[PDB]
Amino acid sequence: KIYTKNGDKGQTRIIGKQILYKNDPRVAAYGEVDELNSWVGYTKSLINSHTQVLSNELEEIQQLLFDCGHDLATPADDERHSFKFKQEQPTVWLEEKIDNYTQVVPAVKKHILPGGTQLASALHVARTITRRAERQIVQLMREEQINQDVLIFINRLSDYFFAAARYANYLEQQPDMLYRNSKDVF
C-alpha cells in the first residue's frame, strides 16, 4: 500500500530517516529532480520514427537522475549513507553528445526561439526544468553540504537538452528561428 499517511501533516523522511518538512530546501531539490525525470519520460514518449535515435539516451538520463536524487536525499553528516553519483563518466558522455549534435546542426550565433517540432520543444522544456532544479540544488548547497558532482552533471545536462533540442529539429528538417533582437552571443 503506497499511501502510509505519515506525510498527511506535511513532514516526510530523507535517507537515514530523519524528518523534514516537505518545503525543506533538500526536499524541494530532489523533488524538482523527480519532476524533471517525469518530464524526460514524457519527452521520450513523443519519440517518432524520425527521432528514435534519441530514445536510449533519454532513458539513461532517467536512470542517472535517480542516482542524483538519491544523493540529494542523503545528508552528508550520516556516515551510514554514502554518495553514489560520480560525475566524470556521465558528464563526459553528455559532452560527447553536445559536441556531436553541435557539429551536425546549422551553426548559429544568436539565441533561438525554444520550439520547432513537438519533440524539440519538449527538449527545450526539459532544458528549462533542469535549470529550475539546478536553482533549487544551489539553494540547498548554500545551506548544507551536498554531492557537488550532482551539480556539475545537472549544469551540463541543460546544455545537453539545448543541443538535443536543436538535433531533434534537424532530424525532422525543421529550422531553428533566431531571436530577432539577439546580439551575437554564441
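Each residue number is its position in the shown sequence, starting from 1.
Once the C-alpha B-factors are averaged per stretch, 142-150 and 125-133 rank with 142-150 first. Between 28-36 and 43-51, the higher mean Cα B-factor belongs to 43-51.
Sort the chain's modelled residues by C-alpha temperature factor and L72 lands in the lowest third, per the entry. Sort the chain's modelled residues by C-alpha temperature factor and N155 lands in the lowest third, per the entry.
Ranked by C-alpha B-factor against the other modelled residues of its chain, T117 falls in the middle third.
In this PDB entry, the Cα temperature factor of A165 sits in the bottom third of its chain's modelled residues, the lowest group.
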